[PDB]
RNA sequence: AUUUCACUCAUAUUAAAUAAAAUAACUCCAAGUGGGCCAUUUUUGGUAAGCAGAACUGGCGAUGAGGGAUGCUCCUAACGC
RNA sequence: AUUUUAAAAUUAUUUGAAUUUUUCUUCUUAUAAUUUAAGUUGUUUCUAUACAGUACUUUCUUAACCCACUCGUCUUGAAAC
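Residue numbers (PDB author numbering), protein chains in the order written: chain AU, 5 to 184; chain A8, 2 to 125; chain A5, 35 to 257; chain AF, 361 to 395; chain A4, 2 to 67; chain AV, 4 to 158.
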């Protein structure tokens, strides 16, 4: 495990309720699972979603439960379909994307990197929705379709990345990116 | 740089010179506080004839004492009576307006008194 | 004329033994609280019911920005809450009014729930005490119990672990202890802040705002 | 700790079941709103 | 030469530099010209009570001083 | 260029909607005492005995009573200091306040509670509560009423 | 309405909170000042202006230190050695 | 030279007890010192076995990395073309 390699996203589960009032004796308790860096950001984003959908904020409400959802199996290969809602500089769109990796945390991190690279959509301008595992049959994007062939194999054209211990400033003769 | 010698701890050397006393003869090296308006030194620009302030004053526990670990005191003709008791604390200097005969007698008395003299070899 | 010395010695011994018993009861209370919270959460998960713990009622807060370029109301609230330097820190009781006035200073501060080890470390390590006469306090490190018994022992809180308990639990004595305890001077972080210019709860990296349980980590480098 | 482990399995299972039902209901509503 | 015809900048800061001064709030307020024909009676009231109290004071003083 | 008496009262002094006509025939019957706290409200049906532009909405106390005039002491800000000002207004415009009915009710409650509290020799936190941190307790909710929430799509 | 007596209304945390709240309050003598400007936000005239004119606040002037290559006002931050 | 003391701890005795159940287990009855108490003390050299020197302290001149716009002035704005 390397801190540089790993990201900092954890699935969080939040349950909350408005304070019981005289006008409405028992309010409908709400529950929702979201992705964030840590529990404080999870609570903030949860309450923001509350303020946007249901008529309720911090002062006239409170929390009930705040837990962390971790994976059942960290070393399996799955496929994830996630719906989005983001806003461009000139409009607002939604779109559905696919991703393949070990866990929902990595899937969300990969998705955020994808958005930043492909649409310059900054982090605060994103909304995740209805992320769910999907079967191999029902994947909708060919660039993840071809990954699940019967028996994959390919070369290793990636250039070497050696340690600072040996990234010296001089050498004996020209190396080769061919390698194996 | 601060100079450290024994117990006397001095924080500054290079007696400060007046601003612009380099390229103007009429301005003498004696320091003054330039008043000016856009006079640079008052504004305290980065590295240009920094001015004296109270913070450079040495410690009063060791302030006036001379590298001899001993305060200096001037003498004129025969005024050695108040020096007998504090011979470990006060060194004696002959006043520059003393003739050879009087200076000779003073040096004679002081040497047997066992008190150091600064300008022992004056005018001889 | 000499009985006084021995009488004072027995007084000191009695104070020592009483403080011993006090800290034993306090150590009982802490472990009792931890056991109770664990068992209550387990029971909640066992049944179809949920358990939430109330806010910790005491908040440690640190100032982040300098002195220039502040709104007059902001500066007045800082001077009223005793955050004078740029790395001073204080404890505050939690009330709706206090939180409301903290709401108008949130952008320039970082506030959260203490936790016990770090409050103990702050009291022992960076703690300083107003000692002298009123308005002439002449801040002085603790190093002892004589002065704390002299001025604050009247309310029977003489000692140091008494302060630890009286702080970690919202008890009878705050307007005395917090007024007695000089504002904590904090060292810059061991690694550094994330972004002074952005909120913590923002998805972008940032620091200012509400950190709740996380403040202890950053205090452990503040020290 | 096996009894608590069973309980935790059950509660997280119920959470995911609720989420899946929400997904299915939203999908059905989208299909209805399609035409 | 054009001259700025008005400003109110920095006025509030100047006011609060010395702090917003408060009136001293003394206890009694004078009755120089407030609703006469009532304090006209009140002055006689005070004179009468003072006269009775002081005459009793002098009576006690004499009967104790012989 | 113009700073007359009623300047800039096109709406402030205007009587509110469906409130025209003379002042209520019971407002004359209020009882006033020296030392009471009072509010100043400029009504427009009455014309003489009128307050001025700034004083609408302020408070004060009663220190002068005539056949119909009422003199109220007010703190009016001027630059660097506050100076007392006595304003003479009329009964139609003046109006009994509520700034002290809370404290009066609190005092009455104190008188009728701490009497028996002292009789029993009990100490109470008679200072106002200012409810802050709620306590921690256990609550129930069946799984049949937990309604999830999820962000909404676009349209 | 006044005076004098009764009686007594938390006061041991102090009639809510928090307060390097008495660094206060007052009185006296007196200099300089009385052409301002920039910045986020609000806003008047003019097409616009580094324009003319106002508004709550902060700065500059009265002030340097690190950064923006460089800059009277930007960001961090205000200075004993 | 009338708080470098008190206790605080440590060792070695002794006292009764205790408990997490014993070689840093704790609480003192009584004893003598240690210091983690009660702001750095010791050891070996060199200066050096000399009376002015190449050492040692200092003044001055040269260079070297970094920085530094002619002052005084009226001015919102001065190094100013």
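We put the CB at the ideal spot given by N, CA and C, even for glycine.
- Under the rule that a run must span 3 or more residues, the beta strand (DSSP E) segments found entirely inside the segment 49-122 of chain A5 read 83-85, 92-97.
- Residue 83 (chain AV) sits in coil when the DSSP states are folded into three classes, being neither helix nor strand.
- Neighbours of residue 154 (chain AV) across chain AU, judged by C-beta separation under 7 Å: 53, 89, 131, 133.
- In this structure the segment 159-175 of chain AU does not lie against the segment 6-23 of chain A8, because fewer than three pairs of beta carbons, one per stretch, are closer than 8 Å.
- The beta-carbon of residue 134 (chain AV) is placed less than 8 Å from the nearest beta-carbon of chain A5.
- By the CB criterion at 8 Å, residue 134 (chain AV) and residue 209 (chain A5) fall outside the cutoff.
- Contact between the segment 60-74 of chain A8 and the segment 33-48 of chain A8 is absent: fewer than 3 CB-CB pairs across the two stretches fall below 8 Å.
- Residue 389 (chain AF) carries a helical assignment under DSSP once its states are collapsed to helix, strand and coil.
- At a cut-off of 8 Å between beta-carbon atoms, residue 69 (chain AU) makes contact with chain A5.
- Proximity to residue 247 (chain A5) across 44 (chain AU), 27 (chain AU), 36 (chain AU), 20 (chain AU) peaks at 44 (chain AU), based on C-alpha coordinates.
- Per DSSP, the beta-bridge partners of residue 89 (chain AU) are 131 (chain AU).
- For residue 148 (chain AV), the nearest CB of chain AU lies under 8 Å from its own CB, placing it at the interface with that chain.
- Relative to residue 58 (chain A8), the option among 36 (chain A8), 106 (chain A8), 93 (chain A8), 9 (chain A8) whose CA is nearest is 9 (chain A8).
- Judged by DSSP in its simplified three-state form, residue 215 (chain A5) adopts strand.
- Between residue 44 (chain AV) and residue 73 (chain AV), the CB-CB gap reaches or exceeds 8 Å.
- For residue 361 (chain AF), there are no neighbours in chain AU by C-beta distance under 9 Å, as the nearest C-beta there is about 17 Å away.
- Per DSSP, the unbroken alpha helix (DSSP H) holding residue 119 (chain AU) starts and ends at 108-123.
- Following the DSSP letters along the chain, one finds residue 146 (chain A5) inside the beta strand (DSSP E) bounded by residues 143-146.
- Only residues of its own chain outside the window of five on either side were considered, and among them 242 have a CB closer than 7 Å to the CB of residue 141 (chain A5), listed in chain order.
- Counting along the chain, the unbroken beta strand (DSSP E) around residue 6 (chain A8) starts and ends at 4-6.
- Annotation for residue 128 (chain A5): 89, 91, 92, 93 place their beta carbon closer than 7 Å to its own, counting only its chain and skipping 5 residues before and after.
- With contact defined as three or more Cβ pairs closer than 8 Å, the segment 38-50 of chain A4 and the segment 91-109 of chain AV are not in contact.
- Here residue 3 (chain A8) really is in contact with residue 12 (chain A8); their C-beta atoms are around 5 Å apart, less than 8 Å.
- Residue 144 (chain AV) belongs to the set of residues whose beta carbon lies under 8 Å from a beta carbon in chain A5.
- Residue 17 (chain AU) has a beta carbon lying within less than 8 Å of a beta carbon in chain AF.
- The C-beta of residue 386 (chain AF) comes closer than 8 Å to at least one C-beta of chain AU.
- Residue contact with chain AF for residue 136 (chain AU): present (Cβ-Cβ distance below 8 Å to some residue of chain AF).
- Nearest Cα to residue 131 (chain AV) within the set 30 (chain AV), 113 (chain AV), 101 (chain AV), 85 (chain AV): 113 (chain AV).
- Here residue 73 (chain AU) really is in contact with residue 37 (chain AU); their C-beta atoms are around 6 Å apart, less than 8 Å.
- Linking residue 232 (chain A5) to residue 153 (chain AU) through their CA atoms gives a straight-line distance of about 46 Å.
- Between the alpha carbons of residue 118 (chain AU) and residue 10 (chain AU) lies a distance of about 17 Å.
- For residue 92 (chain AV) and residue 20 (chain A4), the gap between their C-alpha atoms comes out near 31 Å.
- Pairing residue 227 (chain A5) with residue 138 (chain AU), the inter-Cα distance amounts to about 40 Å.
- Contact of residue 12 (chain AV) with chain AF by beta-carbon distance below 7 Å is absent, the smallest such distance being about 56 Å.
- For residue 387 (chain AF), the closest C-alpha among the options 136 (chain AU), 90 (chain AU), 130 (chain AU), 79 (chain AU) is that of 136 (chain AU).
- Using a Cβ-Cβ cut-off of 7 Å, residue 69 (chain AV) is close to 36 of chain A4, given in chain order.
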